[PDB]
Amino acid sequence: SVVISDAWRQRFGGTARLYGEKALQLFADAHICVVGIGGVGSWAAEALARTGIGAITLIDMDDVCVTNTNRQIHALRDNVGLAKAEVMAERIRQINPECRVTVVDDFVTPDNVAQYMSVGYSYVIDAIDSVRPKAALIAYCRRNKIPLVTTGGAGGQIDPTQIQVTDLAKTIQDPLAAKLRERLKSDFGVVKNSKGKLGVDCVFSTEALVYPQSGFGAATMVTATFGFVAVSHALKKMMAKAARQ
Amino acid sequence: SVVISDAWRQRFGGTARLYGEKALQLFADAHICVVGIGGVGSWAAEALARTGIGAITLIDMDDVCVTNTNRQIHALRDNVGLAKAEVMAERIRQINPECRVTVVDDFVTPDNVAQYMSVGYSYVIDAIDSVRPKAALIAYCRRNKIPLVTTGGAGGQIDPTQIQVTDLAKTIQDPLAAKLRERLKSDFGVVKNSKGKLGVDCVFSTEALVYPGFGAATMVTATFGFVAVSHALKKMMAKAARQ
Ligand SMILES: Nc1ncnc2c1ncn2[C@@H]1O[C@H](COP(=O)(O)O)[C@@H](O)[C@H]1O
Ligand SMILES: Nc1ncnc2c1ncn2[C@@H]1O[C@H](COP(=O)(O)O)[C@@H](O)[C@H]1O
């Protein structure tokens, strides 16, 4: 068990009062991986750190670009050109200097997924946009019963009150999730069971897509909320599993 | 009237692709006030900045405290003891150096609300927690037809998906909103109309409250702020539309 220090309780006393003391230790002992530190994942990383999660792995090899500014928490003038994962790690150490943060400066691929998932995470939050690796990550977590939550496309959306969680097989107005389902079947033989489910939790929105005005655009209000609903769903699952034990 | 630089178009290309060029220009010309830079308002200030809003005022007098860490974007070790509004202003300038950020290092009170509120804001986001000033700010904006969105209670809640916007008269499960309508009536004679509405937009959640000083979580308090900002932008855009 990670030891909760007096400074930890000052930082996260509001966490303890919301979720209880048992959950505070559960979160301090957790190890959560965020794959893709972008429009969804950067805000997922922020939320985990601010809810007293004791260890966080960040996996991404992209750098902060000026064009990230609309929707990524790490996109500031002074960060531009630095590695997203490294920049987010430094911000997490500012939120909670006792959080153990690991940076994997790499992309997940069908060939390295086993080694990066081999670590035994409490939860994986998949926030990547490229469909091939996303399918491979999902296929691997599902087969190995690794707790995972994924996200459909967060672009082309303006209403954060329509964001919610469903089985991946049952999303709508999400072309990314549809391509994902195709690739899961075609490359990994992962298909719907009899009850019509893939057994994979997906954050999506019922909102009708807003097509490019002036690729799809995006807004913090929506993309960040994707990440926050992914974190809330993961924490809730973790707590349910602990109580069940 | 703000001339959108190319640097601005590089920052907010994605904004333009989502809301359109006309909206982008409307946001660059807007001036939005955020009152209370806490678990709700700090994320609202952030969303405002990252959506290309061209002028932002922040009103708060409190300092960043370690206990803020669970739910406020400016709560970081090196910021502790600095004025929240100034820390947030500095961050906004790092998001968009061309943004015009004004810090009011004061609390809104029933005696200074007209002086601060009547600067001609495009929109006011009220994210204050104290009931009496909050009633006063709502009553003033509503009497003066200042576009306002207010936020109810964000603490004691774990489910960001239950957050919504409705007329302040129709909120449920929110004691802060209930106390506000009471105070509005008693101290300002602000009361429901014919249609049952008070004519005030309120961000609230239908979730039943979790009693341990409620706790709070970023995933919820931030989403209150994000939903306030999306609502304000929708209303401004709809008003622009209808020329
Ligand atoms: N295979 C991958 N592994 C890890 N991160 C990825 C991978 N593919 C894409 N990403 C990242 O996922 C993030 C997607 O965010 P966005 O551009 O905001 O949708 C970006 O930061 C990408 O660099
Ligand atoms: N009358 C007021 N005028 C402006 N800001 C206020 C007022 N009362 C409270 N606040 C701020 O509202 C914020 C509430 O945040 P929280 O404590 O997270 O609800 C804090 O940063 C307070 O300092």
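Residues numbered from 1 in each chain as written, not as in the entry; some residues may be left out. Chains lettered and ligands numbered in written order. Heavy atoms only, no water.

- The record lists X-ray crystallography as the method behind this PDB entry and 2.10 Å as its resolution.

**A look at the sheet that holds strand β3 (residues 100-104) of chain B**
Residue and element names in this part refer to chain B.
- Read across the open sheet, the seven strands follow the order β3-β2-β1-β4-β5-β7-β6; overall the sheet is mixed. One side of each edge strand has no neighbouring strand; the edge strands of this open sheet are β3 and β6 (163-167). Averaged over all pairs of adjacent strands, the angle between strand axes in this sheet comes to 20 degrees, irrespective of strand direction.
- Summarising the sheet, strand β1 (residues 31-35) and strand β4 (residues 123-126) pair through four bridges and their orientation is parallel. Bridge pairing in β4 links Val35 to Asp126.
- Most of the contacts of helix α4 (residues 84-95) go to β3, to which it runs at about 175 degrees, and overall it touches β2 (55-59) and β3. (Pairing = 2+ DSSP bridges. Helix = DSSP H or I, 4+ residues; strand = E, 2+ residues; numbered from the N terminus. Axes fitted to C-alpha atoms, helices over the stretch in contact; angles between N-to-C directions. Contact = heavy atoms within 4.5 Å.)

**Details of the site of ligand 2**
All names here are of chain B.
- Taken together, 18 residues lie around ligand 2, and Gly39, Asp60, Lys84, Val108 and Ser130 are the ones closest in.
- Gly39 places a polar main-chain atom, nitrogen or oxygen, 2.8 Å from an oxygen atom of ligand 2.
- A distance of 3.4 Å separates an oxygen atom of ligand 2 from a polar atom in the side chain of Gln72.
- In isolation ligand 2 exposes 500 Å². Once the protein is present, 86% of that is buried.
- When grouped by side-chain class, the residues that make up the shell around ligand 2 number eight nonpolar, five polar and five charged. (Near = heavy atom within 4 Å. Polar contact = N/O pair within 3.5 Å; in protein donor to acceptor, adjacent residues only side chain to side chain. Areas by Shrake-Rupley, 256 points an atom, 1.4 Å probe, with all protein chains shown as cover. Nonpolar A, V, L, I, M, F, W, Y, C, P; charged D, E, K, R; others polar.)

**Quick notes on the side chain of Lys134 of chain A**
Residue and element names in this part refer to chain A.
- Of note, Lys134 is situated in helix α6 (residues 131-143).
- There is a polar contact of 3.1 Å between the side chain of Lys134 and the side chain of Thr150.
- In contact with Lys134, not counting residues within four places along its chain, are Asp126, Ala127, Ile128, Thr150, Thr151, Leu176 and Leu180.

**A closer look at the pairing of β4 of chain B**
All names here are of chain B.
- Here β4 shows a buried face lined by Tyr123 and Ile125 and a second buried face lined by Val124 and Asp126.
- Bridge count between β4 and strand β5 (residues 148-151): three bridges; the pairing is parallel. Counted as the bridge partner of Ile125 is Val149 from β5. (Buried < 20%, exposed > 50% of the residue type's maximum accessible area, 1.4 Å probe, protein only.)

**Notes on the packing of helix α3 (residues 41-50) of chain B against helix α8 (residues 218-241) of chain B**
All names here are of chain B.
- Where α3 contacts α8, the axes come no closer than 8 Å and their chain directions differ by 50 degrees. Regarding the angle of α3 to α8, the classification is oblique. As for how α3 packs across α8, the hand of that crossing is right-handed. Counted together, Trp43, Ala44, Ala47 and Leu48 of α3 and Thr218, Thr221, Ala222, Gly225, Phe226 and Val229 of α8 form the full contact between these two elements. (Parallel < 35°, antiparallel > 145°, perpendicular 65-115°, else oblique. Left-handed = near helix turned anticlockwise from the far one by under 90°.)

**A word on the interface of chain B and chain A**
- Taken together, the contacts link 53 residues of chain B with 54 residues of chain A.
- Each partner contributes to the roughly 4500 Å² buried at the junction of chain B and chain A, and carbon and sulfur atoms together form 60% of this total.
- When residues of chain B are sorted by the area they lose upon contact with chain A, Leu18, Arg50 and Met219 of chain B head the list and together hold 17% of the total.
- At the boundary of chain B with chain A, the tally comes to zero salt bridges.
- Where chain B meets chain A, there are 21 residue pairs in polar contact.
- Mapped onto the side of chain B that touches chain A, the elements with two or more residues apiece are α1 (6-19), α3, α4, β6 and α8 of chain B.
- By residue class, the composition of the side of chain B that touches chain A is 26 nonpolar, 19 polar and eight charged. (Buried area = accessible area lost by both parts, 1.4 Å probe. Salt bridge = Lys/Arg side-chain N within 4 Å of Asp/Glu carboxyl O.)

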